[PDB]
Amino acid sequence: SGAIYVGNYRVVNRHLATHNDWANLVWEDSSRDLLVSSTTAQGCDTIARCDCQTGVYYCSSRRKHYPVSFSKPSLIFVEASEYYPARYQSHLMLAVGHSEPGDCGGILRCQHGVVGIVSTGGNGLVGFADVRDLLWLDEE
Ligand SMILES: COc1ccccc1CC(=O)N(C)CCC(N)=O
Ligand SMILES: COc1ccccc1CC(=O)N(C)CCC(N)=O
Ligand SMILES: [Zn+2]
């Protein structure tokens, strides 16, 4: 589990969104596994605006923050799960690292701010849903 809190926005994995998130929906994209809902209180996170490929992510299944190198956001085939059938997930970045299903929502950060959240994994890989292209998160 986990979320990004920037401005009056809450960014979560679309497959983990709550019924309050859906009732207060701002934007969602199934192909990205992302959902953004509105919040009453202001958050403290800053979104990175960069092309960094190195950073640190939080892994709840190890209670550890791991430095990683990750690929640029791209269209990657993701096997069937209890949340989605087998499909192509877009804006996804991969790294060699540990992850388990409940690690989704763990933040990946670089020196500029939040880069994305854990969204997929398996076979010693961890996938992050990128949020750096969502410029509108920084305003209104
Ligand atoms: C100190 O947190 C670091 C540091 C490096 C890298 C990542 C984090 C995690 C983070 O930014 N959180 C707000 C924790 C909640 C979450 N959703 O992961
Ligand atoms: C961190 O996720 C891991 C890790 C290891 C093994 C399995 C998972 C769960 C996982 O990949 N999904 C539920 C897919 C979600 C999606 N974005 O389509
Ligand atoms: Zn950066």
Side-chain angles (χ1 to χ4, degrees):
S1 69
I4 307 163
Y5 294 95
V6 50
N8 286 270
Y9 295 127
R10 170 168 137 97
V11 188
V12 297
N13 289 94
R14 189 193 187 269
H15 72 277
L16 300 181
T18 72
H19 290 185
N20 185 68
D21 285 324
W22 283 105
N24 293 288
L25 177 61
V26 172
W27 169 84
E28 55 83 20
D29 183 333
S30 184
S31 76
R32 292 180 66 154
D33 184 43
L34 286 183
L35 182 143
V36 176
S37 59
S38 54
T39 69
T40 64
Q42 279 200 227
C44 302
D45 285 311
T46 287
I47 307 302
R49 299 302 179 195
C50 65
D51 61 359
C52 284
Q53 281 188 255
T54 65
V56 177
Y57 79 106
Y58 177 60
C59 176
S60 66
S61 68
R62 292 286 182 271
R63 294 180 183 131
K64 201 142 162 60
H65 303 255
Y66 291 109
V68 283
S69 295
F70 54 94
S71 65
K72 284 179 168 174
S74 74
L75 189 69
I76 295 294
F77 191 69
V78 174
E79 297 290 321
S81 69
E82 63 164 307
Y83 301 102
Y84 301 101
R87 80 211 206 283
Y88 288 88
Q89 175 162 327
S90 61
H91 301 264
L92 186 64
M93 301 172 292
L94 298 183
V96 173
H98 183 68
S99 68
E100 300 177 40
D103 286 327
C104 289
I107 280 165
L108 169 66
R109 289 185 181 274
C110 66
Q111 75 188 86
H112 308 108
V114 173
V115 172
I117 51 172
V118 175
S119 177
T120 75
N123 294 332
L125 300 152
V126 52
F128 307 97
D130 186 57
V131 301
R132 300 174 288 183
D133 67 315
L134 304 172
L135 311 184
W136 55 268
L137 288 175
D138 298 341
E139 69 236 26
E140 109 96 356

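Heavy atoms only: backbone and side chains are in, while hydrogens, waters and symmetry mates are out. Residues take their numbers from the sequence shown, with the count starting at 1.
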* To do: Test side chain to side chain contact (heavy atoms under 4.5 Å, CB included) on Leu137 and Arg132 and set out the steps.
  => CA-CA 9 Å; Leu137 288 175; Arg132 300 174 288 183; over 6 Å; no
* Side chains of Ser119 and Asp33, donor plus acceptor under 3.5 Å -> yes
* Does a side-chain heavy-atom distance below 4.5 Å link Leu34 with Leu134? -> yes
* Structure fact -> Between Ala48 and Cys110, the two heavy atoms sitting closest are CB-SG, 3.7 Å
* Please report the closest heavy-atom contact between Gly102 and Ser60, naming both atoms and the distance. => O-OG, 3.6 Å
* Measuring from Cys59:SG to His65:NE2, what's the distance to the nearest 0.5 Å? -> 10.0 Å
* Same apolar cluster (I L V M F W Y, side chains within < 4.5 Å links), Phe77/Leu75 -> yes
* Asked: Is there a path of hydrophobic side-chain contacts, each under 4.5 Å between heavy atoms of I, L, V, M, F, W or Y residues, that connects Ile107 with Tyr9?
  -> yes
* Asked: Mind checking whether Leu25 and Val12 sit in one hydrophobic cluster, side chains of I, L, V, M, F, W, Y counted as touching below 4.5 Å?
  -> yes
* Report yes or no: do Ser69 and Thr54 form a side-chain donor-acceptor pair below 3.5 Å? => no
* Can you tell me how far OG of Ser31 sits from CZ of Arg14, rounded to the nearest 0.5 angstrom? -> 9.5 Å
* **Worked verdict on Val131 versus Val11 for side chain to side chain contact (heavy atoms under 4.5 Å, CB included)** => CA-CA 9 Å; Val131 301; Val11 188; 4.2 Å; yes
* Which pair of heavy atoms, one from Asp103 and one from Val118, lies closest together, and at what distance? -> O-CB, 3.5 Å
* Test item: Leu92 and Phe128 side chains (from C-beta on) under 4.5 Å apart, heavy atoms -> no
* Are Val68 and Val114 linked, directly or through other ILVMFWY residues, by side chains that come within less than 4.5 angstrom of each other? -> no
* Asked: Less than 4.0 Å between a side-chain N and a carboxylate O, is that true for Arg87 and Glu79?
  -> no
* Asked: Are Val115 and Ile47 connected in a single hydrophobic cluster, I mean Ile/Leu/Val/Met/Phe/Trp/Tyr linked by side-chain heavy atoms less than 4.5 Å apart?
  -> no
* Got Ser38 and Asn8 here, is their nearest side-chain heavy-atom distance under 4.5 Å? -> no
* To do: Locate the shortest heavy-atom distance separating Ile117 from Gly105; write the atom from each residue and the value.
  => CG2-O, 3.7 Å
* Asked: Can you name the residues that form a side-chain hydrogen bond (donor to acceptor under 3.5 Å, both in side chains) with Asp51, not counting sequence neighbours?
  -> none
* Structure fact -> Taken to the nearest 0.5 Å, the spacing of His15 NE2 from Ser30 OG works out to 11.0 Å
* Going from CZ on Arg63 to OH on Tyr58, what distance comes out if it is rounded to the nearest 0.5 angstrom? -> 7.5 Å
* Where is the tightest heavy-atom contact between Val26 and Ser37, given as atom of each residue plus distance? -> CG2-C, 3.8 Å
* Asked: Have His98 and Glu100 got a donor and an acceptor in their side chains that come within less than 3.5 Å?
  -> yes
* Is a salt bridge present between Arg10 and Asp21, judged by a nitrogen-to-oxygen distance below 4.0 Å? -> yes
* Asked: Under 3.5 Å, is there a donor-acceptor pair linking the side chains of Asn20 and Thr18?
  -> no
* Structure fact -> For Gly97 and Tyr57 the tightest heavy-atom approach is C-OH, 3.6 Å
* To do: May I ask you to test the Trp136-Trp27 pair for a side-chain heavy-atom distance under 4.5 Å?
  => yes
* Structure fact -> Separation between CD (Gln111) and SG (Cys52), nearest 0.5 Å, reads 5.0 Å
* Asked: Do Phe70 and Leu108 have side-chain heavy atoms sitting under 4.5 Å apart?
  -> yes
* Asked: Is any side-chain heavy atom of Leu125 less than 4.5 Å from a side-chain heavy atom of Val96?
  -> yes
* Quick check: does any side chain N or O of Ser71 sit under 3.5 Å from a backbone N or O of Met93, one acting as donor and the other as acceptor? -> no
* Asked: Considering only heavy atoms from C-beta outward, does the side chain of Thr120 approach that of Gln89 to under 4.5 Å?
  -> yes
* To do: Answer yes when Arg49 and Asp138 have at least one side-chain N-carboxylate O distance shorter than 4.0 Å, and no when they do not.
  => yes
* Structure fact -> Of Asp133, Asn13, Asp130, the one forming a side chain to side chain donor-acceptor pair (under 3.5 Å) with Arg32 is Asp133
* Side-chain touch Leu35/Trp22, heavy atoms, less than 4.5 angstrom -> yes
